[PDB]
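Chemist: File name run01.txt; file contents compact mmCIF, N, CA and C atoms; full text below.
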```txt
# COMPACT_ATOMS: atom_id res chain seq x y z
N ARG M 1 30.64 -66.97 30.61
CA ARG M 1 29.55 -66.32 31.34
C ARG M 1 28.23 -66.50 30.58
N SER M 2 28.13 -65.78 29.47
CA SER M 2 26.93 -65.85 28.65
C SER M 2 25.69 -65.55 29.51
N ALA M 3 25.40 -64.27 29.64
CA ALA M 3 24.25 -63.85 30.43
C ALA M 3 24.09 -62.33 30.31
N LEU M 4 23.59 -61.73 31.38
CA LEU M 4 23.38 -60.30 31.41
C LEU M 4 24.73 -59.59 31.28
N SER M 5 25.79 -60.36 31.44
CA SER M 5 27.14 -59.82 31.34
C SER M 5 27.24 -58.91 30.12
N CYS M 6 26.78 -59.43 28.99
CA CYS M 6 26.81 -58.67 27.75
C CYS M 6 26.04 -57.37 27.96
N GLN M 7 24.79 -57.52 28.38
CA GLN M 7 23.93 -56.37 28.61
C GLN M 7 24.76 -55.20 29.16
N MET M 8 25.39 -55.45 30.30
CA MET M 8 26.20 -54.43 30.94
C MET M 8 27.12 -53.75 29.92
N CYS M 9 27.80 -54.58 29.15
CA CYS M 9 28.72 -54.07 28.13
C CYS M 9 27.94 -53.12 27.22
N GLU M 10 26.66 -53.42 27.05
CA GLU M 10 25.80 -52.61 26.21
C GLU M 10 25.27 -51.41 27.00
N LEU M 11 25.60 -51.39 28.28
CA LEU M 11 25.17 -50.31 29.15
C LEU M 11 26.24 -49.22 29.19
N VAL M 12 27.49 -49.66 29.25
CA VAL M 12 28.61 -48.74 29.29
C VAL M 12 28.77 -48.09 27.92
N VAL M 13 28.79 -48.94 26.89
CA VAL M 13 28.94 -48.46 25.53
C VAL M 13 27.76 -47.55 25.18
N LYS M 14 26.57 -48.10 25.30
CA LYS M 14 25.36 -47.35 25.00
C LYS M 14 25.46 -45.96 25.63
N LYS M 15 26.12 -45.92 26.78
CA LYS M 15 26.30 -44.67 27.49
C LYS M 15 27.47 -43.90 26.89
N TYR M 16 28.48 -44.65 26.48
CA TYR M 16 29.67 -44.05 25.89
C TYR M 16 29.37 -43.52 24.48
N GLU M 17 29.11 -44.46 23.58
CA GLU M 17 28.81 -44.10 22.20
C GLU M 17 27.68 -43.07 22.16
N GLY M 18 26.82 -43.14 23.16
CA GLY M 18 25.69 -42.22 23.24
C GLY M 18 25.70 -41.47 24.57
N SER M 19 26.70 -40.61 24.72
CA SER M 19 26.83 -39.82 25.93
C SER M 19 26.41 -38.38 25.67
N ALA M 20 27.39 -37.55 25.35
CA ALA M 20 27.13 -36.15 25.08
C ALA M 20 28.43 -35.35 25.23
N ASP M 21 29.24 -35.78 26.19
CA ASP M 21 30.51 -35.12 26.46
C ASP M 21 31.65 -36.06 26.07
N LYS M 22 31.31 -37.33 25.91
CA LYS M 22 32.30 -38.33 25.55
C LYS M 22 33.25 -38.55 26.73
N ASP M 23 32.70 -38.41 27.92
CA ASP M 23 33.49 -38.59 29.13
C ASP M 23 33.36 -40.04 29.61
N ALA M 24 34.48 -40.74 29.57
CA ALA M 24 34.50 -42.13 29.99
C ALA M 24 34.23 -42.21 31.49
N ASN M 25 34.25 -41.04 32.12
CA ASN M 25 34.01 -40.97 33.56
C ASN M 25 32.51 -40.89 33.81
N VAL M 26 31.87 -39.93 33.16
CA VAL M 26 30.44 -39.74 33.31
C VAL M 26 29.70 -40.82 32.51
N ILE M 27 30.48 -41.60 31.77
CA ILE M 27 29.92 -42.66 30.96
C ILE M 27 29.75 -43.92 31.82
N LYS M 28 30.84 -44.30 32.47
CA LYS M 28 30.82 -45.48 33.32
C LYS M 28 29.85 -45.25 34.48
N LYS M 29 29.63 -43.98 34.79
CA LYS M 29 28.73 -43.62 35.87
C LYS M 29 27.29 -43.89 35.44
N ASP M 30 26.96 -43.41 34.25
CA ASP M 30 25.62 -43.60 33.71
C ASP M 30 25.23 -45.07 33.82
N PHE M 31 26.19 -45.93 33.51
CA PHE M 31 25.96 -47.36 33.57
C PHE M 31 25.46 -47.78 34.95
N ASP M 32 26.30 -47.54 35.95
CA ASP M 32 25.95 -47.89 37.32
C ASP M 32 24.63 -47.21 37.69
N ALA M 33 24.31 -46.16 36.95
CA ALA M 33 23.09 -45.41 37.19
C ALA M 33 21.90 -46.36 37.13
N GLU M 34 21.59 -46.80 35.92
CA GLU M 34 20.47 -47.71 35.72
C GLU M 34 20.84 -49.11 36.22
N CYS M 35 22.08 -49.49 35.96
CA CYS M 35 22.56 -50.80 36.38
C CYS M 35 22.15 -51.02 37.83
N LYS M 36 21.94 -49.92 38.53
CA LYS M 36 21.54 -49.98 39.93
C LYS M 36 20.02 -50.13 40.01
N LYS M 37 19.32 -49.14 39.47
CA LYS M 37 17.87 -49.15 39.47
C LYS M 37 17.37 -50.30 38.60
N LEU M 38 17.68 -50.20 37.31
CA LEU M 38 17.27 -51.22 36.36
C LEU M 38 17.43 -52.60 37.00
N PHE M 39 18.58 -52.80 37.63
CA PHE M 39 18.87 -54.07 38.28
C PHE M 39 19.05 -53.88 39.79
N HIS M 40 18.09 -53.18 40.38
CA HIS M 40 18.13 -52.92 41.81
C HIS M 40 17.70 -54.17 42.57
N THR M 41 16.95 -55.02 41.88
CA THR M 41 16.47 -56.25 42.48
C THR M 41 17.18 -57.46 41.86
N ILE M 42 18.48 -57.31 41.69
CA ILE M 42 19.29 -58.37 41.11
C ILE M 42 20.32 -58.84 42.13
N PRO M 43 20.58 -60.17 42.13
CA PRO M 43 21.54 -60.76 43.05
C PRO M 43 22.97 -60.45 42.61
N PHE M 44 23.58 -59.50 43.31
CA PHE M 44 24.95 -59.11 43.01
C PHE M 44 24.99 -58.23 41.76
N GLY M 45 23.82 -57.99 41.20
CA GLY M 45 23.71 -57.16 40.00
C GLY M 45 24.38 -55.80 40.22
N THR M 46 23.81 -55.03 41.13
CA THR M 46 24.34 -53.72 41.44
C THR M 46 25.80 -53.82 41.89
N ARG M 47 26.11 -54.94 42.53
CA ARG M 47 27.45 -55.18 43.02
C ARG M 47 28.44 -55.25 41.85
N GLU M 48 28.15 -56.17 40.93
CA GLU M 48 29.00 -56.35 39.77
C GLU M 48 28.98 -55.10 38.89
N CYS M 49 27.86 -54.40 38.94
CA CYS M 49 27.70 -53.18 38.16
C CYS M 49 28.92 -52.30 38.39
N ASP M 50 29.03 -51.79 39.61
CA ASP M 50 30.14 -50.94 39.98
C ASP M 50 31.45 -51.67 39.70
N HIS M 51 31.37 -52.99 39.71
CA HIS M 51 32.54 -53.82 39.47
C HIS M 51 32.75 -53.98 37.96
N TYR M 52 31.91 -53.29 37.20
CA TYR M 52 31.99 -53.34 35.75
C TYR M 52 32.42 -51.99 35.18
N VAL M 53 31.80 -50.94 35.69
CA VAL M 53 32.12 -49.59 35.24
C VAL M 53 33.61 -49.33 35.43
N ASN M 54 34.22 -50.16 36.26
CA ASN M 54 35.64 -50.03 36.54
C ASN M 54 36.30 -51.41 36.51
N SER M 55 36.37 -51.97 35.31
CA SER M 55 36.96 -53.28 35.12
C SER M 55 36.75 -53.76 33.69
N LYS M 56 35.60 -53.39 33.14
CA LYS M 56 35.26 -53.77 31.78
C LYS M 56 34.85 -52.52 30.99
N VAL M 57 35.11 -51.37 31.59
CA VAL M 57 34.78 -50.11 30.96
C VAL M 57 36.02 -49.54 30.26
N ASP M 58 37.13 -49.60 30.98
CA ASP M 58 38.39 -49.10 30.45
C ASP M 58 38.67 -49.76 29.10
N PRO M 59 38.43 -51.10 29.06
CA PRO M 59 38.65 -51.87 27.84
C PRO M 59 37.54 -51.61 26.82
N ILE M 60 36.31 -51.85 27.26
CA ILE M 60 35.16 -51.64 26.40
C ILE M 60 35.28 -50.29 25.70
N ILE M 61 35.44 -49.25 26.51
CA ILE M 61 35.58 -47.90 25.98
C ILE M 61 36.83 -47.82 25.11
N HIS M 62 37.74 -48.76 25.35
CA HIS M 62 38.99 -48.80 24.60
C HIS M 62 38.69 -49.11 23.13
N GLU M 63 37.82 -50.09 22.93
CA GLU M 63 37.44 -50.49 21.59
C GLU M 63 36.81 -49.32 20.84
N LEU M 64 35.71 -48.83 21.39
CA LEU M 64 35.01 -47.71 20.78
C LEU M 64 35.96 -46.51 20.68
N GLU M 65 37.04 -46.59 21.44
CA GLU M 65 38.03 -45.52 21.45
C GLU M 65 38.86 -45.56 20.17
N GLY M 66 39.05 -46.77 19.66
CA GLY M 66 39.82 -46.96 18.44
C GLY M 66 38.94 -46.83 17.20
N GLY M 67 37.71 -47.31 17.33
CA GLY M 67 36.76 -47.24 16.24
C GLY M 67 35.99 -48.56 16.10
N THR M 68 35.58 -49.09 17.24
CA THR M 68 34.84 -50.34 17.26
C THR M 68 33.38 -50.09 17.62
N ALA M 69 32.51 -50.94 17.08
CA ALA M 69 31.09 -50.82 17.34
C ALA M 69 30.76 -51.46 18.69
N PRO M 70 29.57 -51.10 19.22
CA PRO M 70 29.12 -51.63 20.50
C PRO M 70 28.66 -53.08 20.36
N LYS M 71 28.64 -53.54 19.12
CA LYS M 71 28.22 -54.90 18.84
C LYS M 71 29.43 -55.73 18.42
N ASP M 72 30.58 -55.08 18.43
CA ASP M 72 31.82 -55.74 18.05
C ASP M 72 32.68 -55.95 19.30
N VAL M 73 32.45 -55.10 20.29
CA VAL M 73 33.19 -55.18 21.54
C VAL M 73 32.76 -56.44 22.30
N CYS M 74 31.46 -56.54 22.52
CA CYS M 74 30.90 -57.68 23.24
C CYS M 74 31.01 -58.91 22.33
N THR M 75 32.24 -59.32 22.09
CA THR M 75 32.49 -60.48 21.24
C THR M 75 33.99 -60.76 21.15
N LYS M 76 34.71 -59.81 20.57
CA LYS M 76 36.15 -59.94 20.42
C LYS M 76 36.82 -59.71 21.77
N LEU M 77 36.14 -58.96 22.62
CA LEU M 77 36.66 -58.66 23.94
C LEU M 77 36.35 -59.83 24.88
N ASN M 78 35.90 -60.93 24.29
CA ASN M 78 35.57 -62.11 25.06
C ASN M 78 34.90 -61.70 26.37
N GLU M 79 34.15 -60.60 26.29
CA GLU M 79 33.45 -60.09 27.45
C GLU M 79 32.01 -60.60 27.47
N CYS M 80 31.40 -60.59 26.29
CA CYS M 80 30.03 -61.05 26.16
C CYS M 80 29.90 -62.41 26.83
N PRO M 81 30.86 -63.32 26.48
CA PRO M 81 30.86 -64.66 27.04
C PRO M 81 31.36 -64.64 28.48
```
Would you kindly transcribe this structure into structure tokens?
Modeler:
Amino acid sequence: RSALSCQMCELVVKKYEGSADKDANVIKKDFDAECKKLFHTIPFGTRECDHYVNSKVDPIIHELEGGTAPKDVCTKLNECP
């Protein structure tokens, strides 16, 4: 992929690692939050967004769940690419 794909990963995590309740539910939501507005004028952006909060969130959050950084996930998770 190599594109905004990573960004998104930095949207879920950024929301996860920096949430407040540590809710992977309200975390993946936050993502689609801006992922929508931030990328409201993106082709399939908002589409993939929701397709990310529930597809690359369970895993992404999985890493940070074990003790991984938000800069380590988007790499070993072969998600960034």
Chemist: Restricting the calculation to only N, CA and C atoms, which member of M:30, M:50, M:72, M:79 is positioned closest to residue 16 in chain M?
Modeler: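 Looking at the shortest contact to residue 16 in chain M, the residue is M:30.
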Chemist: What is the CA of residue 28 in chain M to CA of residue 59 in chain M distance in Å?
Modeler: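 CA of residue 59 in chain M lies at a distance of 11.5 Å from CA of residue 28 in chain M.
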Chemist: Could you jot down the atom C of residue 1 in chain M to CA of residue 80 in chain M separation for me, Å, one decimal place?
Modeler: 7.2 Å
Chemist: Of the residues M:37, M:22, M:51, M:29, which is the one nearest to residue 65 in chain M, using only C-alpha atoms?
Modeler: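 Looking only at the distances to residue 65 in chain M, the closest residue turns out to be M:22.
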Chemist: Once DSSP has gone over the backbone, tell me which residues of chain M are in alpha helix (DSSP H), as a ChimeraX atom specification.
Modeler: /M:4-16,24-37,45-50,57-66,70-76
Chemist: Mind giving me the straight-line distance from CA of residue 8 in chain M to CA of residue 31 in chain M in Å, one decimal?
Modeler: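 Separation of CA of residue 8 in chain M and CA of residue 31 in chain M: 7.5 Å.
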Chemist: Nearest to residue 45 in chain M: which of M:61, M:3, M:66, M:78 is it, counting only C-alpha atoms?
Modeler: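 Of the candidates, the smallest distance to residue 45 in chain M is held by M:3.
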Chemist: Using all atoms listed in the file, which residue out of M:76, M:27, M:63, M:2 lies closest to residue 14 in chain M?
Modeler: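 Nearest candidate to residue 14 in chain M out of M:76, M:27, M:63, M:2: M:27.
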Chemist: Could you check the closest approach to residue 17 in chain M for each of M:49, M:81, M:64, M:75 and tell me which residue wins, using all atoms listed in the file?
Modeler: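 Closest candidate: M:64.
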